[PDB]
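Structure file data.cif; described as mmCIF, N, CA and C atoms.
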```cif
data_entry
#
loop_
_atom_site.group_PDB
_atom_site.id
_atom_site.type_symbol
_atom_site.label_atom_id
_atom_site.label_comp_id
_atom_site.auth_asym_id
_atom_site.auth_seq_id
_atom_site.Cartn_x
_atom_site.Cartn_y
_atom_site.Cartn_z
ATOM 1 N N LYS A 1477 6.992 6.977 13.828
ATOM 2 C CA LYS A 1477 5.672 6.401 14.219
ATOM 3 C C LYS A 1477 4.922 5.859 13.004
ATOM 4 N N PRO A 1478 4.887 4.521 12.837
ATOM 5 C CA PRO A 1478 4.034 3.932 11.788
ATOM 6 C C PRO A 1478 2.545 4.273 11.886
ATOM 7 N N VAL A 1479 1.907 4.491 10.738
ATOM 8 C CA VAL A 1479 0.457 4.469 10.660
ATOM 9 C C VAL A 1479 0.133 3.086 10.105
ATOM 10 N N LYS A 1480 -0.799 2.406 10.759
ATOM 11 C CA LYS A 1480 -1.134 1.017 10.470
ATOM 12 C C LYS A 1480 -2.495 0.943 9.826
ATOM 13 N N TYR A 1481 -2.594 0.146 8.773
ATOM 14 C CA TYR A 1481 -3.875 -0.207 8.139
ATOM 15 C C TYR A 1481 -3.935 -1.680 7.841
ATOM 16 N N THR A 1482 -5.030 -2.347 8.181
ATOM 17 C CA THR A 1482 -5.205 -3.703 7.751
ATOM 18 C C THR A 1482 -5.546 -3.746 6.276
ATOM 19 N N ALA A 1483 -5.240 -4.859 5.644
ATOM 20 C CA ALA A 1483 -5.628 -5.053 4.253
ATOM 21 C C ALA A 1483 -7.119 -4.935 4.134
ATOM 22 N N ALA A 1484 -7.846 -5.478 5.095
ATOM 23 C CA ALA A 1484 -9.299 -5.374 5.045
ATOM 24 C C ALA A 1484 -9.816 -3.942 5.060
ATOM 25 N N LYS A 1485 -9.273 -3.061 5.905
ATOM 26 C CA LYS A 1485 -9.634 -1.630 5.924
ATOM 27 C C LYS A 1485 -9.316 -0.958 4.550
ATOM 28 N N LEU A 1486 -8.131 -1.212 4.030
ATOM 29 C CA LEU A 1486 -7.753 -0.634 2.741
ATOM 30 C C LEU A 1486 -8.656 -1.152 1.602
ATOM 31 N N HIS A 1487 -9.081 -2.411 1.684
ATOM 32 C CA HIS A 1487 -10.000 -3.026 0.692
ATOM 33 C C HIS A 1487 -11.364 -2.343 0.795
ATOM 34 N N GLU A 1488 -11.872 -2.200 2.011
ATOM 35 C CA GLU A 1488 -13.129 -1.501 2.226
ATOM 36 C C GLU A 1488 -13.086 -0.098 1.632
ATOM 37 N N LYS A 1489 -12.008 0.630 1.900
ATOM 38 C CA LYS A 1489 -11.839 2.021 1.455
ATOM 39 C C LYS A 1489 -11.648 2.193 -0.063
ATOM 40 N N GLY A 1490 -11.243 1.123 -0.735
ATOM 41 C CA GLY A 1490 -10.955 1.166 -2.173
ATOM 42 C C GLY A 1490 -9.506 1.385 -2.535
ATOM 43 N N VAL A 1491 -8.673 1.644 -1.529
ATOM 44 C CA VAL A 1491 -7.237 1.758 -1.778
ATOM 45 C C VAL A 1491 -6.666 0.460 -2.278
ATOM 46 N N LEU A 1492 -7.085 -0.653 -1.693
ATOM 47 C CA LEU A 1492 -6.572 -1.950 -2.088
ATOM 48 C C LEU A 1492 -7.640 -2.658 -2.930
ATOM 49 N N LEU A 1493 -7.238 -3.170 -4.091
ATOM 50 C CA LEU A 1493 -8.146 -3.948 -4.954
ATOM 51 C C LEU A 1493 -8.103 -5.433 -4.617
ATOM 52 N N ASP A 1494 -6.912 -6.007 -4.511
ATOM 53 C CA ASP A 1494 -6.788 -7.447 -4.327
ATOM 54 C C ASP A 1494 -5.378 -7.806 -3.900
ATOM 55 N N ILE A 1495 -5.240 -9.008 -3.338
ATOM 56 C CA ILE A 1495 -3.965 -9.608 -3.027
ATOM 57 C C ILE A 1495 -4.018 -11.005 -3.671
ATOM 58 N N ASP A 1496 -3.151 -11.207 -4.648
ATOM 59 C CA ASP A 1496 -3.112 -12.451 -5.426
ATOM 60 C C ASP A 1496 -2.806 -13.604 -4.467
ATOM 61 N N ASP A 1497 -3.590 -14.670 -4.541
ATOM 62 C CA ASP A 1497 -3.287 -15.908 -3.792
ATOM 63 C C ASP A 1497 -3.531 -15.758 -2.291
ATOM 64 N N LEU A 1498 -4.428 -14.838 -1.953
ATOM 65 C CA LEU A 1498 -4.879 -14.680 -0.600
ATOM 66 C C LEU A 1498 -6.384 -14.686 -0.661
ATOM 67 N N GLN A 1499 -6.988 -15.605 0.087
ATOM 68 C CA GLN A 1499 -8.423 -15.675 0.186
ATOM 69 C C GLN A 1499 -8.862 -14.417 0.918
ATOM 70 N N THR A 1500 -10.013 -13.867 0.550
ATOM 71 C CA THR A 1500 -10.450 -12.598 1.137
ATOM 72 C C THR A 1500 -10.663 -12.770 2.643
ATOM 73 N N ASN A 1501 -10.895 -14.020 3.087
ATOM 74 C CA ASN A 1501 -10.976 -14.365 4.521
ATOM 75 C C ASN A 1501 -9.627 -14.377 5.249
ATOM 76 N N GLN A 1502 -8.567 -14.043 4.531
ATOM 77 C CA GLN A 1502 -7.250 -13.866 5.117
ATOM 78 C C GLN A 1502 -6.785 -12.421 5.079
ATOM 79 N N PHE A 1503 -7.605 -11.499 4.545
ATOM 80 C CA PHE A 1503 -7.147 -10.073 4.479
ATOM 81 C C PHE A 1503 -6.941 -9.450 5.856
ATOM 82 N N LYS A 1504 -7.698 -9.951 6.831
ATOM 83 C CA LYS A 1504 -7.577 -9.493 8.207
ATOM 84 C C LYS A 1504 -6.178 -9.807 8.776
ATOM 85 N N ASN A 1505 -5.516 -10.780 8.182
ATOM 86 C CA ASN A 1505 -4.209 -11.225 8.670
ATOM 87 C C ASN A 1505 -3.053 -10.465 8.071
ATOM 88 N N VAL A 1506 -3.376 -9.576 7.123
ATOM 89 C CA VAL A 1506 -2.390 -8.707 6.484
ATOM 90 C C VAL A 1506 -2.535 -7.297 7.018
ATOM 91 N N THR A 1507 -1.410 -6.730 7.477
ATOM 92 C CA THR A 1507 -1.298 -5.321 7.930
ATOM 93 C C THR A 1507 -0.153 -4.550 7.252
ATOM 94 N N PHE A 1508 -0.445 -3.317 6.865
ATOM 95 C CA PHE A 1508 0.552 -2.463 6.261
ATOM 96 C C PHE A 1508 0.937 -1.390 7.256
ATOM 97 N N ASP A 1509 2.233 -1.230 7.530
ATOM 98 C CA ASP A 1509 2.715 -0.080 8.307
ATOM 99 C C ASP A 1509 3.292 0.940 7.325
ATOM 100 N N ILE A 1510 2.847 2.177 7.441
ATOM 101 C CA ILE A 1510 3.334 3.257 6.541
ATOM 102 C C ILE A 1510 4.112 4.214 7.414
ATOM 103 N N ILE A 1511 5.385 4.375 7.100
ATOM 104 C CA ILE A 1511 6.307 5.102 7.937
ATOM 105 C C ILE A 1511 6.901 6.278 7.151
ATOM 106 N N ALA A 1512 6.861 7.467 7.738
ATOM 107 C CA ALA A 1512 7.540 8.597 7.137
ATOM 108 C C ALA A 1512 9.046 8.371 7.117
ATOM 109 N N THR A 1513 9.702 9.045 6.181
ATOM 110 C CA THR A 1513 11.152 9.022 6.064
ATOM 111 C C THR A 1513 11.682 10.445 6.097
ATOM 112 N N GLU A 1514 12.995 10.570 6.004
ATOM 113 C CA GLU A 1514 13.655 11.881 6.015
ATOM 114 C C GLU A 1514 13.411 12.685 4.723
ATOM 115 N N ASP A 1515 12.747 12.086 3.732
ATOM 116 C CA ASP A 1515 12.283 12.822 2.541
ATOM 117 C C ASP A 1515 10.769 12.994 2.603
ATOM 118 N N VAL A 1516 10.270 14.218 2.438
ATOM 119 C CA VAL A 1516 8.832 14.468 2.508
ATOM 120 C C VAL A 1516 8.076 13.683 1.446
ATOM 121 N N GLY A 1517 8.721 13.359 0.325
ATOM 122 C CA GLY A 1517 8.019 12.614 -0.730
ATOM 123 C C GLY A 1517 8.033 11.098 -0.614
ATOM 124 N N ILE A 1518 8.744 10.548 0.375
ATOM 125 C CA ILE A 1518 9.019 9.123 0.361
ATOM 126 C C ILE A 1518 8.523 8.441 1.616
ATOM 127 N N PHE A 1519 7.784 7.344 1.400
ATOM 128 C CA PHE A 1519 7.184 6.540 2.486
ATOM 129 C C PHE A 1519 7.691 5.116 2.473
ATOM 130 N N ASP A 1520 7.978 4.599 3.663
ATOM 131 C CA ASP A 1520 8.466 3.237 3.878
ATOM 132 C C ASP A 1520 7.243 2.405 4.240
ATOM 133 N N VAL A 1521 6.872 1.474 3.374
ATOM 134 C CA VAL A 1521 5.679 0.651 3.573
ATOM 135 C C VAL A 1521 6.122 -0.775 3.874
ATOM 136 N N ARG A 1522 5.744 -1.266 5.049
ATOM 137 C CA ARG A 1522 5.984 -2.673 5.420
ATOM 138 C C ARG A 1522 4.722 -3.505 5.333
ATOM 139 N N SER A 1523 4.853 -4.678 4.754
ATOM 140 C CA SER A 1523 3.761 -5.625 4.572
ATOM 141 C C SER A 1523 3.936 -6.736 5.585
ATOM 142 N N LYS A 1524 2.966 -6.869 6.476
ATOM 143 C CA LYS A 1524 3.045 -7.878 7.571
ATOM 144 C C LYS A 1524 1.984 -8.945 7.338
ATOM 145 N N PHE A 1525 2.306 -10.180 7.715
ATOM 146 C CA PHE A 1525 1.368 -11.270 7.653
ATOM 147 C C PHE A 1525 1.426 -11.943 9.018
ATOM 148 N N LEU A 1526 0.288 -12.014 9.705
ATOM 149 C CA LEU A 1526 0.238 -12.558 11.085
ATOM 150 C C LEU A 1526 1.364 -11.982 11.943
ATOM 151 N N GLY A 1527 1.555 -10.673 11.815
ATOM 152 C CA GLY A 1527 2.493 -9.949 12.671
ATOM 153 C C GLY A 1527 3.936 -9.962 12.195
ATOM 154 N N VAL A 1528 4.198 -10.683 11.117
ATOM 155 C CA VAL A 1528 5.534 -10.920 10.600
ATOM 156 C C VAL A 1528 5.744 -10.017 9.363
ATOM 157 N N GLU A 1529 6.826 -9.235 9.350
ATOM 158 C CA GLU A 1529 7.169 -8.424 8.162
ATOM 159 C C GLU A 1529 7.651 -9.354 7.060
ATOM 160 N N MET A 1530 6.962 -9.348 5.926
ATOM 161 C CA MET A 1530 7.218 -10.222 4.780
ATOM 162 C C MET A 1530 7.930 -9.493 3.639
ATOM 163 N N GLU A 1531 7.679 -8.191 3.509
ATOM 164 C CA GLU A 1531 8.341 -7.413 2.479
ATOM 165 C C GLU A 1531 8.120 -5.949 2.760
ATOM 166 N N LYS A 1532 8.852 -5.117 2.050
ATOM 167 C CA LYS A 1532 8.851 -3.676 2.289
ATOM 168 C C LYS A 1532 9.124 -3.006 0.947
ATOM 169 N N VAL A 1533 8.599 -1.794 0.809
ATOM 170 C CA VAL A 1533 8.782 -1.013 -0.417
ATOM 171 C C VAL A 1533 8.885 0.429 -0.023
ATOM 172 N N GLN A 1534 9.732 1.191 -0.708
ATOM 173 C CA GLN A 1534 9.785 2.623 -0.529
ATOM 174 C C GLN A 1534 9.026 3.250 -1.678
ATOM 175 N N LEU A 1535 8.033 4.059 -1.355
ATOM 176 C CA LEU A 1535 7.178 4.677 -2.346
ATOM 177 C C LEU A 1535 7.440 6.172 -2.366
ATOM 178 N N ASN A 1536 7.821 6.653 -3.522
ATOM 179 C CA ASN A 1536 7.994 8.088 -3.770
ATOM 180 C C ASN A 1536 6.699 8.604 -4.426
ATOM 181 N N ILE A 1537 6.029 9.527 -3.745
ATOM 182 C CA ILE A 1537 4.747 10.069 -4.244
ATOM 183 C C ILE A 1537 4.926 10.650 -5.640
ATOM 184 N N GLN A 1538 6.122 11.098 -6.040
ATOM 185 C CA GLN A 1538 6.273 11.566 -7.406
ATOM 186 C C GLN A 1538 6.218 10.449 -8.460
ATOM 187 N N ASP A 1539 6.621 9.244 -8.094
ATOM 188 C CA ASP A 1539 6.467 8.113 -9.004
ATOM 189 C C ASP A 1539 4.970 7.805 -9.193
ATOM 190 N N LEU A 1540 4.169 7.960 -8.151
ATOM 191 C CA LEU A 1540 2.734 7.762 -8.207
ATOM 192 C C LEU A 1540 2.085 8.841 -9.078
ATOM 193 N N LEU A 1541 2.583 10.060 -8.939
ATOM 194 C CA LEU A 1541 2.044 11.181 -9.731
ATOM 195 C C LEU A 1541 2.360 10.953 -11.189
ATOM 196 N N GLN A 1542 3.526 10.382 -11.516
ATOM 197 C CA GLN A 1542 3.905 10.083 -12.936
ATOM 198 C C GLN A 1542 2.910 9.071 -13.493
ATOM 199 N N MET A 1543 2.504 8.115 -12.671
ATOM 200 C CA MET A 1543 1.489 7.125 -13.082
ATOM 201 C C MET A 1543 0.159 7.776 -13.370
ATOM 202 N N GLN A 1544 -0.264 8.682 -12.503
ATOM 203 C CA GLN A 1544 -1.507 9.477 -12.647
ATOM 204 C C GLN A 1544 -1.438 10.241 -13.995
ATOM 205 N N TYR A 1545 -0.197 10.459 -14.514
ATOM 206 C CA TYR A 1545 0.085 11.042 -15.904
ATOM 207 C C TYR A 1545 0.192 10.124 -17.119
ATOM 208 N N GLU A 1546 0.510 8.857 -16.943
ATOM 209 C CA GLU A 1546 0.302 7.949 -18.030
ATOM 210 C C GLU A 1546 -1.231 7.623 -18.075
ATOM 211 N N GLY A 1547 -2.055 8.212 -17.187
ATOM 212 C CA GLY A 1547 -3.481 7.839 -16.955
ATOM 213 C C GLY A 1547 -3.692 6.432 -16.392
ATOM 214 N N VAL A 1548 -2.781 6.027 -15.506
ATOM 215 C CA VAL A 1548 -2.763 4.707 -14.892
ATOM 216 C C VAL A 1548 -3.500 4.805 -13.570
ATOM 217 N N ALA A 1549 -4.515 3.967 -13.397
ATOM 218 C CA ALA A 1549 -5.355 3.957 -12.229
ATOM 219 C C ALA A 1549 -4.881 3.081 -11.093
ATOM 220 N N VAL A 1550 -4.153 2.014 -11.417
ATOM 221 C CA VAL A 1550 -3.776 1.006 -10.453
ATOM 222 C C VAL A 1550 -2.324 0.561 -10.674
ATOM 223 N N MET A 1551 -1.711 0.135 -9.594
ATOM 224 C CA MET A 1551 -0.318 -0.351 -9.580
ATOM 225 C C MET A 1551 -0.211 -1.572 -8.684
ATOM 226 N N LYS A 1552 0.952 -2.214 -8.704
ATOM 227 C CA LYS A 1552 1.209 -3.351 -7.837
ATOM 228 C C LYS A 1552 2.249 -2.936 -6.821
ATOM 229 N N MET A 1553 1.778 -2.569 -5.612
ATOM 230 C CA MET A 1553 2.585 -1.957 -4.566
ATOM 231 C C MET A 1553 3.531 -3.009 -4.075
ATOM 232 N N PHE A 1554 3.069 -4.237 -4.105
ATOM 233 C CA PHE A 1554 3.900 -5.449 -3.950
ATOM 234 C C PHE A 1554 3.466 -6.342 -5.059
ATOM 235 N N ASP A 1555 4.320 -7.307 -5.447
ATOM 236 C CA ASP A 1555 4.072 -8.114 -6.657
ATOM 237 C C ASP A 1555 2.700 -8.750 -6.668
ATOM 238 N N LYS A 1556 2.060 -8.772 -5.507
ATOM 239 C CA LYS A 1556 0.798 -9.462 -5.339
ATOM 240 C C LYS A 1556 -0.318 -8.501 -4.919
ATOM 241 N N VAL A 1557 0.036 -7.245 -4.628
ATOM 242 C CA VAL A 1557 -0.900 -6.330 -3.961
ATOM 243 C C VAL A 1557 -1.262 -5.190 -4.902
ATOM 244 N N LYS A 1558 -2.476 -5.228 -5.435
ATOM 245 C CA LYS A 1558 -2.959 -4.230 -6.366
ATOM 246 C C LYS A 1558 -3.643 -3.116 -5.611
ATOM 247 N N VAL A 1559 -3.228 -1.872 -5.904
ATOM 248 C CA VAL A 1559 -3.720 -0.677 -5.238
ATOM 249 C C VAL A 1559 -4.108 0.408 -6.223
ATOM 250 N N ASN A 1560 -5.037 1.260 -5.795
ATOM 251 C CA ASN A 1560 -5.515 2.399 -6.555
ATOM 252 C C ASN A 1560 -4.584 3.600 -6.338
ATOM 253 N N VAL A 1561 -4.028 4.118 -7.438
ATOM 254 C CA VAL A 1561 -3.007 5.136 -7.418
ATOM 255 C C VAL A 1561 -3.584 6.387 -6.761
ATOM 256 N N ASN A 1562 -4.705 6.912 -7.237
ATOM 257 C CA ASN A 1562 -5.225 8.172 -6.715
ATOM 258 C C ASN A 1562 -5.546 8.060 -5.249
ATOM 259 N N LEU A 1563 -6.153 6.968 -4.809
ATOM 260 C CA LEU A 1563 -6.525 6.842 -3.415
ATOM 261 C C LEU A 1563 -5.293 6.651 -2.528
ATOM 262 N N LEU A 1564 -4.266 5.989 -3.045
ATOM 263 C CA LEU A 1564 -3.034 5.850 -2.301
ATOM 264 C C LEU A 1564 -2.327 7.190 -2.108
ATOM 265 N N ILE A 1565 -2.251 8.008 -3.158
ATOM 266 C CA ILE A 1565 -1.613 9.323 -3.038
ATOM 267 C C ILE A 1565 -2.353 10.100 -1.919
ATOM 268 N N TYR A 1566 -3.679 10.065 -1.914
ATOM 269 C CA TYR A 1566 -4.473 10.815 -0.912
ATOM 270 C C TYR A 1566 -4.136 10.290 0.479
ATOM 271 N N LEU A 1567 -4.071 8.975 0.618
ATOM 272 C CA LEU A 1567 -3.772 8.317 1.899
ATOM 273 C C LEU A 1567 -2.405 8.740 2.421
ATOM 274 N N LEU A 1568 -1.416 8.741 1.546
ATOM 275 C CA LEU A 1568 -0.034 9.067 1.920
ATOM 276 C C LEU A 1568 0.032 10.535 2.288
ATOM 277 N N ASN A 1569 -0.773 11.384 1.672
ATOM 278 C CA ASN A 1569 -0.721 12.810 1.949
ATOM 279 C C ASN A 1569 -1.578 13.216 3.172
ATOM 280 N N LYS A 1570 -2.268 12.258 3.784
ATOM 281 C CA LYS A 1570 -3.203 12.540 4.884
ATOM 282 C C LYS A 1570 -2.508 12.350 6.234
#
```
Conversion result in structure tokens:
Amino acid sequence: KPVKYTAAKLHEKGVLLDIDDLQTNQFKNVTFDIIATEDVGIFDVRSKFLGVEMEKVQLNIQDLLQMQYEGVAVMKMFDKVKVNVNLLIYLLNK
């Protein structure tokens, strides 16, 4: 069962900082599905644009925790999608 968040909701919440080359009036057209996997630490994240899956990434919460240890606040969850590490870890653990 995917948990779905629009880019706009994640932007409002502070999880998402920006999407390169997307006007903020297009954030409503971007949706992220976050899907559990057979590993408790690993999440399958799909990036959709107007209902179409454009890319996907597997995120291991331990890789995020390692970032929280270089004192890194933000990452690029997709080459264009900047996200806040601490808020993402909280989201994935919720």
Output of the PyMOL selection byres ((chain A and resi 1533) around 8), listed as a CSV table (one decimal) with N, CA and C atoms, in the frame of the given file:
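Dumped everything to selection17.csv:
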```csv
chain,number,residue,atom,x,y,z
A,1519,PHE,N,7.8,7.3,1.4
A,1519,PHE,CA,7.2,6.5,2.5
A,1519,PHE,C,7.7,5.1,2.5
A,1520,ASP,N,8.0,4.6,3.7
A,1520,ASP,CA,8.5,3.2,3.9
A,1520,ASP,C,7.2,2.4,4.2
A,1521,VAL,N,6.9,1.5,3.4
A,1521,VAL,CA,5.7,0.7,3.6
A,1521,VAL,C,6.1,-0.8,3.9
A,1522,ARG,N,5.7,-1.3,5.0
A,1522,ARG,CA,6.0,-2.7,5.4
A,1522,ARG,C,4.7,-3.5,5.3
A,1523,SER,N,4.9,-4.7,4.8
A,1523,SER,CA,3.8,-5.6,4.6
A,1523,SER,C,3.9,-6.7,5.6
A,1531,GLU,N,7.7,-8.2,3.5
A,1531,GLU,CA,8.3,-7.4,2.5
A,1531,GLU,C,8.1,-5.9,2.8
A,1532,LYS,N,8.9,-5.1,2.0
A,1532,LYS,CA,8.9,-3.7,2.3
A,1532,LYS,C,9.1,-3.0,0.9
A,1534,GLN,N,9.7,1.2,-0.7
A,1534,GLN,CA,9.8,2.6,-0.5
A,1534,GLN,C,9.0,3.2,-1.7
A,1535,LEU,N,8.0,4.1,-1.4
A,1535,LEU,CA,7.2,4.7,-2.3
A,1535,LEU,C,7.4,6.2,-2.4
A,1536,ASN,N,7.8,6.7,-3.5
A,1536,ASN,CA,8.0,8.1,-3.8
A,1536,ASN,C,6.7,8.6,-4.4
A,1553,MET,N,1.8,-2.6,-5.6
A,1553,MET,CA,2.6,-2.0,-4.6
A,1553,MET,C,3.5,-3.0,-4.1
A,1554,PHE,N,3.1,-4.2,-4.1
A,1554,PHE,CA,3.9,-5.4,-4.0
A,1554,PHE,C,3.5,-6.3,-5.1
```
Distance query residue 1524 of chain A at most 9 Å, only C-alpha atoms, self and fewer than 3 positions along chain excluded, as a count of residues only: 11
At a cut-off of 9 Å, using only C-alpha atoms, what residues contact segment 1497-1504 of chain A? Leave out same-chain residues fewer than 5 positions from it and give the result as number ranges by chain. A: 1482-1485, 1487, 1526, 1556
Which polymer residues, protein or nucleic acid, are no farther than 6 Å from (2.4, 7.3, 4.0), counting all atoms listed in the file, as a PyMOL selection string? chain A and resi 1510-1512+1519+1567-1569
Now that the selection is made, can you save its residues with N, CA and C atoms as an mmCIF file, in the coordinates of the input?
```cif
data_model
loop_
_atom_site.group_PDB
_atom_site.id
_atom_site.type_symbol
_atom_site.label_atom_id
_atom_site.label_comp_id
_atom_site.auth_asym_id
_atom_site.auth_seq_id
_atom_site.Cartn_x
_atom_site.Cartn_y
_atom_site.Cartn_z
ATOM 1 N N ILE A 1510 2.847 2.177 7.441
ATOM 2 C CA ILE A 1510 3.334 3.257 6.541
ATOM 3 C C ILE A 1510 4.112 4.214 7.414
ATOM 4 N N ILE A 1511 5.385 4.375 7.100
ATOM 5 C CA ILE A 1511 6.307 5.102 7.937
ATOM 6 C C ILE A 1511 6.901 6.278 7.151
ATOM 7 N N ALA A 1512 6.861 7.467 7.738
ATOM 8 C CA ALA A 1512 7.540 8.597 7.137
ATOM 9 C C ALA A 1512 9.046 8.371 7.117
ATOM 10 N N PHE A 1519 7.784 7.344 1.400
ATOM 11 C CA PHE A 1519 7.184 6.540 2.486
ATOM 12 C C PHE A 1519 7.691 5.116 2.473
ATOM 13 N N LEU A 1567 -4.071 8.975 0.618
ATOM 14 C CA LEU A 1567 -3.772 8.317 1.899
ATOM 15 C C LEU A 1567 -2.405 8.740 2.421
ATOM 16 N N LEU A 1568 -1.416 8.741 1.546
ATOM 17 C CA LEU A 1568 -0.034 9.067 1.920
ATOM 18 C C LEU A 1568 0.032 10.535 2.288
ATOM 19 N N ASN A 1569 -0.773 11.384 1.672
ATOM 20 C CA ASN A 1569 -0.721 12.810 1.949
ATOM 21 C C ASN A 1569 -1.578 13.216 3.172
#
```
Where does DSSP see helix (DSSP H, G or I) in segment 1501-1545 of chain A, if you list the residues as a VMD selection string? chain A and resid 1501 to 1505 1537 to 1545
Quick one: pull the distance between atom CA of residue 1551 of chain A and atom CA of residue 1496 of chain A, Å, one decimal.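 Interatomic distance, atom CA of residue 1551 of chain A to atom CA of residue 1496 of chain A: 13.1 Å.
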Straight-line distance linking atom N of residue 1542 of chain A with atom C of residue 1562 of chain A, stated in Å to one decimal: 11.3 Å
Using only C-alpha atoms, which protein or nucleic acid residues come within 10 Å of residue 1559 of chain A? Drop anything in the same chain fewer than 4 positions from it, and give the result as a VMD selection string. chain A and resid 1486 to 1487 1490 to 1495 1549 to 1554 1563 to 1564
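The gap separating atom N of residue 1546 of chain A from atom CA of residue 1566 of chain A is 16.9 Å, in Å to one decimal.
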Centre and edges of the segment 1480-1492 of chain A box, axis-aligned, 3 Å extra per side, as AutoDock Vina command-line options:
```
--center_x -7.0 --center_y -1.5 --center_z 3.9 --size_x 18.3 --size_y 13.9 --size_z 19.7
```
Is there a way to complete segment 1487-1502 of chain A with N, CA, C and O atoms and then write that out as a CSV table (one decimal), in the frame of the given file?
```
chain,number,residue,atom,x,y,z
A,1487,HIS,N,-9.1,-2.4,1.7
A,1487,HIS,CA,-10.0,-3.0,0.7
A,1487,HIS,C,-11.4,-2.3,0.8
A,1487,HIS,O,-11.9,-1.9,-0.2
A,1488,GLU,N,-11.9,-2.2,2.0
A,1488,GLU,CA,-13.1,-1.5,2.2
A,1488,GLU,C,-13.1,-0.1,1.6
A,1488,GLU,O,-14.0,0.4,1.0
A,1489,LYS,N,-12.0,0.6,1.9
A,1489,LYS,CA,-11.8,2.0,1.5
A,1489,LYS,C,-11.6,2.2,-0.1
A,1489,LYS,O,-11.8,3.3,-0.6
A,1490,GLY,N,-11.2,1.1,-0.7
A,1490,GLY,CA,-11.0,1.2,-2.2
A,1490,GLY,C,-9.5,1.4,-2.5
A,1490,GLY,O,-9.1,1.3,-3.7
A,1491,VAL,N,-8.7,1.6,-1.5
A,1491,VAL,CA,-7.2,1.8,-1.8
A,1491,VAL,C,-6.7,0.5,-2.3
A,1491,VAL,O,-5.9,0.5,-3.2
A,1492,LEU,N,-7.1,-0.7,-1.7
A,1492,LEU,CA,-6.6,-2.0,-2.1
A,1492,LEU,C,-7.6,-2.7,-2.9
A,1492,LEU,O,-8.8,-2.7,-2.5
A,1493,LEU,N,-7.2,-3.2,-4.1
A,1493,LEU,CA,-8.1,-3.9,-5.0
A,1493,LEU,C,-8.1,-5.4,-4.6
A,1493,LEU,O,-9.2,-6.0,-4.5
A,1494,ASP,N,-6.9,-6.0,-4.5
A,1494,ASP,CA,-6.8,-7.4,-4.3
A,1494,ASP,C,-5.4,-7.8,-3.9
A,1494,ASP,O,-4.4,-7.0,-4.1
A,1495,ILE,N,-5.2,-9.0,-3.3
A,1495,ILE,CA,-4.0,-9.6,-3.0
A,1495,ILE,C,-4.0,-11.0,-3.7
A,1495,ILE,O,-4.9,-11.8,-3.3
A,1496,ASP,N,-3.2,-11.2,-4.6
A,1496,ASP,CA,-3.1,-12.5,-5.4
A,1496,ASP,C,-2.8,-13.6,-4.5
A,1496,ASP,O,-1.9,-13.5,-3.7
A,1497,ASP,N,-3.6,-14.7,-4.5
A,1497,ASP,CA,-3.3,-15.9,-3.8
A,1497,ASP,C,-3.5,-15.8,-2.3
A,1497,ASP,O,-2.9,-16.5,-1.4
A,1498,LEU,N,-4.4,-14.8,-2.0
A,1498,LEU,CA,-4.9,-14.7,-0.6
A,1498,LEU,C,-6.4,-14.7,-0.7
A,1498,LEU,O,-7.0,-13.9,-1.4
A,1499,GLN,N,-7.0,-15.6,0.1
A,1499,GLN,CA,-8.4,-15.7,0.2
A,1499,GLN,C,-8.9,-14.4,0.9
A,1499,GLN,O,-8.1,-13.9,1.8
A,1500,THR,N,-10.0,-13.9,0.6
A,1500,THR,CA,-10.4,-12.6,1.1
A,1500,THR,C,-10.7,-12.8,2.6
A,1500,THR,O,-10.6,-11.8,3.4
A,1501,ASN,N,-10.9,-14.0,3.1
A,1501,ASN,CA,-11.0,-14.4,4.5
A,1501,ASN,C,-9.6,-14.4,5.2
A,1501,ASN,O,-9.6,-14.7,6.4
A,1502,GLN,N,-8.6,-14.0,4.5
A,1502,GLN,CA,-7.2,-13.9,5.1
A,1502,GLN,C,-6.8,-12.4,5.1
A,1502,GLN,O,-5.7,-12.1,5.5
```
